[PDB]
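Working notes, beginning with the structure itself.
Number of protein chains: 2
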Amino acid sequence: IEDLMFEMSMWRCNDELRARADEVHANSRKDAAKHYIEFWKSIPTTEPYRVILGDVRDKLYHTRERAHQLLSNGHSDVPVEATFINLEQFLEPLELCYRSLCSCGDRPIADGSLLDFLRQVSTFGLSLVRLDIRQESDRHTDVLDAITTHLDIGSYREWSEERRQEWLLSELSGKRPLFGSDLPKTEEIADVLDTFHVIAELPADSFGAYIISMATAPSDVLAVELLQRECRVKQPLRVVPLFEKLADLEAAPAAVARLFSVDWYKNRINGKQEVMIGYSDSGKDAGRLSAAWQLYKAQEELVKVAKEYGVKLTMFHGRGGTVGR
Amino acid sequence: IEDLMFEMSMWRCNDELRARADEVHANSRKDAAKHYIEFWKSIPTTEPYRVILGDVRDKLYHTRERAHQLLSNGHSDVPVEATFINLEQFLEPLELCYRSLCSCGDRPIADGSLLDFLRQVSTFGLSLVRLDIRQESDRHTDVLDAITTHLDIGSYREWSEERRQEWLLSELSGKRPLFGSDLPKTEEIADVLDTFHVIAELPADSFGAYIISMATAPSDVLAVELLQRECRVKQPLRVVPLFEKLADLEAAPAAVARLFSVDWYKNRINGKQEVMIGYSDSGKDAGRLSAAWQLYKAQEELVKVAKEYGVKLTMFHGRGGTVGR
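Sequences listed follow chains B and A, in order.
Note that the entry's author numbering has the first sequence beginning at 319, numbered continuously upward.
Note that the entry's author numbering has the second sequence beginning at 319, numbered continuously upward.
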């Protein structure tokens with residue numbers, strides 16, 4: 319950000335960027351600001367891009383220091399309002415700089431370091447990569463079984479698929495909390511519950527998808543939707559099944575179609591669905607040729623199902639480096 | 319405590335108090351300890367009573383400092399283990415001094431400042447007076463009605479007594495949480511829920527009994543028991559009905575008996591029940607004579623009911639200063 323500030327040394331801007339830079343110069347904090355090396359003096363309105371990018375630098379400094387304390391210790395005293403919390407609270411001032419440069423005839427300048435920086439922000443965001451969480455279905459089933467046994471309503475393991483679907487739907491659409499503080503948990507059960515709490519505690523733009531290993535039925539997805547909602551995950555991440563064994567690839571389109579049949583899920587999925595297609599285990603239990611061919615069929619009929627339900631399907635290919643995977 | 323340390327200057331003690339004073343002198347913190355005025359030097363084991371009482375001074379000093387921060391601000395950094403948390407963590411060292419003094423033939427010394435201090439501790443405790451909470455029945459009914467309506471299960475107001483009893487019993491014996499964070503509350507609903515949260519946050523020995531105004535049915539008491547359990551009140555306070563108007567004094571024995579009939583409640587009541595008897599309003603709607611006489615009869619038949627259920631009834635007389643109340 320400091321090198322970008324050094325380059326944006328123009329003095330022409332729109333009335334818009336002028337007004338905003340005047341706003342920042344109002345709350346300019348006439349102070350020493352000696353913790354910085356460069357630009358430690360209050361930036362004059364003569365160079366407005368430097369004013370705005372100066373505020374971006376301040377919020378960057380406090381974002382870095384906060385994350386540094388949050389990591390080093392367990393907490394930070396840095397105010398959240400002093401940092402960049404949004405994916406595009408960051409982008410807004412830089413977008414404004416770009417509009418300014420273009421309006422004033424400086425599109426060549428804008429398509430330089432400022433464009434490089436814009437693309438880096440809009441490509442990497444505040445956390446370089448969005449993290450996926452993957453977990454096998456049987457662990458979610460163990461959790462739910464603990465929940466139904468503790469609630470004295472049956473054993474979710476012993477329940478048929480129909481029963482699991484009806485129950486999970488009633489809880490997802492219901493408004494009463496499920497388990498409580500006094501739910502008996504195993505180290506495994508507490509592992510998955512605690513990963514959901516960690517997911518809830520952290521910013522939403524830090525995570526990607528929740529991938530279900532050995533996913534076979536809609537109850538496996540709905541279980542994760544419910545456990546997320548119940549662990550107070552403010553912005554729940556999308557659920558995506560992983561079909562890697564040949565048997566699961568053969569029956570995948572049917573399962574996805576049955577999931578889209580559930581009106582509640584199709585209404586909450588918002589017309590977009592991602593499903594993962596594993597490549598490692600397919601060519602291990604069956605032939606490599608049969609595996610590849612079945613993979614082709616799988617993609618084809620999954621697209622057929624998604625088109626049949628008006629859902630934009632994006633498929634997640636778990637490809638390896640070796641042809642065998 | 320300092321004047322008490324000054325008197326307890328004996329040098330004979332039992333082996334018990336000897337061992338304990340040696341323990342305290344082991345972790346004696348060989349420091350300046352200049353924050354005290356008197357006894358700032360580590361107390362020698364020659365005067366063991368002063369050793370022990372000196373530690374009581376340390377825990378009183380930190381108990382006071384913690385309570386002072388907790389009051390002044392919202393929190394305290396004073397470790398809880400540095401203070402007296404129990405009503406008789408305080409009493410134990412003093413009891414030890416008393417047993418020691420008696421064993422060594424100094425019961426007369428023990429029956430002086432130390433016995434006064436024992437009585438003051440055992441009578442005033444860590445909070446000079448135990449605090450009662452009083453609230454009218456209708457406010458608890460408003461809360462529960464909000465909960466059943468939000469759970470889309472009916473209207474607790476419109477429900478008959480029978481139905482309220484069945485529901486309240488199933489929830490009191492059930493293990494699943496009731497309402498959640500998203501329950502729509504009025505300022506009144508939030509008032510009673512928040513008084514329950516405050517009660518849960520504060521020490522148990524700081525509160526007394528929860529008095530229900532305009533109490534008429536077993537559902538009124540069970541309602542408060544449920545709200546306490548559901549607001550995570552660790553040690554729930556005893557529920558006590560208030561019969562003050564002449565009609566309610568007339569119907570009190572029946573209502574208390576109907577309450578004792580709920581075996582779940584009589585088994586949790588632990589053989590003890592307190593019921594309040596108001597004196598102000600009776601002689602206002604009826605005569606003073608009829609009120610006095612009705613009060614007498616009510617006391618008489620409440621005792622009969624409690625004896626019939628093997629419950630030690632203690633009655634709380636809401637007497638005034640003026641003969642009319």
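Where is the CB? At the ideal position from N, CA and C, for every residue including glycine.
Find the nearest neighbour of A351(B) within the set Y379(B), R338(B) and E325(B), judged by alpha-carbon distance. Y379(B)
Give me the Cα-Cα distance between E519(B) and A385(A), rounded to the nearest whole angstrom. If you draw a straight line from the Cα of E519(B) to the Cα of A385(A), it comes to about 32 Å.
Taking 6 Å as the limit between beta carbons, can you name the residues of its chain near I427(A), skipping five residues before and five after? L419
In the DSSP assignment, find the unbroken beta strand (DSSP E) run with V558(A) in it and report its ends. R556 to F561
According to DSSP, simplified to helix, strand and coil, what is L631(B)? Reduced to three states, the DSSP call for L631(B) is strand.
Excluding the 5 residues preceding and the 5 following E334(B) in the sequence, name in chain order all residues of the same chain whose CB lies nearer than 8 Å to its CB. Cβ within range, chain order: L414, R417 and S418.
Let me know the alpha helix (DSSP H) ranges lying completely inside the stretch 542-607 of chain B, each 4 residues or longer, listed in chain order. Segments of the alpha helix (DSSP H) lying fully in the stretch 542-607 of chain B: 564-568, 570-579, 581-587 and 600-603.
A464(A) versus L545(A), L444(A) and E410(A), residue with shortest Cα-Cα distance: With distances taken between Cα atoms, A464(A) lies closest to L545(A).
Can you tell me the Cβ-Cβ gap for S600(B) and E562(B), rounded? I've got them flagged as a contact below 8 Å. That pair is a contact at about 7 Å.
Ordered along the chain, which non-local residues of its own chain (more than five positions away) have a Cβ less than 6 Å from that of residue 278(A)? Look at the range of chain A in this structure, 319 to 643, and you will see that residue 278(A) is not part of it.
Show which residues of chain A have a CB atom less than 9 Å away from the CB atom of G498(B). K493, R494 and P495
Below 7 Å CB to CB, which residues in the same chain sit around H515(A) once its five sequence neighbours on both sides are set aside? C549
According to DSSP, is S499(A) part of a helix, a strand, or is it coil? coil
Would you say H393(B) lies against chain A (beta-carbon separation less than 8 Å)? no
If you scan the stretch 488-535 of chain B from start to end, which runs of the beta strand (DSSP E) of 3 or more residues do you find wholly inside it? 525-531
In three-state terms, what does DSSP make of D376(A)? helix
Is it the case that the stretch 438-457 of chain A contacts the stretch 522-539 of chain A, given that we only count it when at least three CB pairs across the two stretches are under 8 Å? yes
Is there a C-beta anywhere in chain B that falls below 8 Å from the one on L469(A)? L469(A) counts as touching chain B.
In the DSSP assignment, find the alpha helix (DSSP H) that holds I465(A) and state where it starts and stops. Per DSSP, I465(A) belongs to the alpha helix (DSSP H) from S455 to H468.
Going straight from the alpha carbon of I595(A) to that of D581(B), what length do you get? 58 Å
Would you mind reading off the limits of the alpha helix (DSSP H) that contains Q407(B)? Run containing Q407(B): none; DSSP gives neither H nor E here.
Using CA atoms only, rank isn't needed, just tell me which of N585(A), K359(A), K622(A) and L577(A) is closest to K348(A). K359(A)
Below-8 Å beta-carbon distance, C420(A) vs any chain E residue: Looking at the structure shown, chain E is missing, and the protein chains on hand are B and A.
I need the boundaries of the alpha helix (DSSP H) containing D340(B), first residue and last residue. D333 to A344
Cα separation between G392(B) and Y354(A)? 35 Å
Take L496(A) as the anchor and find which of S473(A), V510(A), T504(A) and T466(A) has the nearest alpha-carbon. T466(A)
Ignore the nearest five residues each way along the sequence and tell me which others in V342(B)'s own chain have a CB closer than 8 Å to its CB. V369, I370, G372 and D373
Between the stretch 432-450 of chain B and the stretch 501-515 of chain B, can you find at least three pairs of beta-carbon atoms closer than 8 Å? By the Cβ criterion, the stretch 501-515 of chain B is not in contact with the stretch 432-450 of chain B, since fewer than three pairs of Cβ atoms, one from each stretch, lie closer than 8 Å.
Please state whether the Cβ-Cβ distance between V623(B) and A575(B) is less than 8 Å. Using a Cβ distance threshold of 8 Å, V623(B) and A575(B) count as a contacting pair.
Just to confirm before moving on: does the CB-CB distance between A533(B) and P554(B) stay below 8 Å? no
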